[PDB]
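Taking the form deposited in one PDB entry, here's one chain by itself in structure tokens.
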């Protein structure tokens, strides 16, 4: 069941390059994902054609770039990238975590 996500009962998916992920839970219209970064790990710049995204900085800190605007964000901050906005991130410290949320769900994560 995806009603309750228990972090310590869910393994990491290794993405390579210092990044790993867990798909947490979802409905058709809403999905949450945990992304863990080592220090200096780079989330490559990309965009989503049909998904809006809001990322919460749960731990550590990042330099985030969205449509050419760079900002340093720390735990408790967040950012939005709507459909077709280019966004990327660089982790500034070990054990930095983004909680990514999407509308609709990411079919490619299932």
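Numbering follows the first chain given and starts at 1.
Beyond the structure shown, there is the form deposited with a partner chain bound, which is absent from this document and is the topic of what follows.
Exercise. Is there a heavy atom of residue 39 no more than 4.5 Å from a heavy atom of its partner chain in the deposited bound form?
Worked result: Output for residue 39 is no: heavy atoms all beyond 4.5 Å of its partner chain.
Exercise. Heavy atom to heavy atom, is residue 23 within 4.5 Å of its partner chain in the deposited bound form?
Worked result: Flag for residue 23 set to yes.
Exercise. With the cut-off set at 4.5 Å between non-hydrogen atoms, does residue 15 touch its partner chain in the deposited bound form?
Worked result: Residue 15 belongs to the contact set for its partner chain.
Problem set entry | residue 60, heavy atom within 4.5 angstroms of its partner chain in the deposited bound form | Looking in the deposited bound form, residue contacts with its partner chain do not include residue 60, since no heavy atom lies within 4.5 Å.
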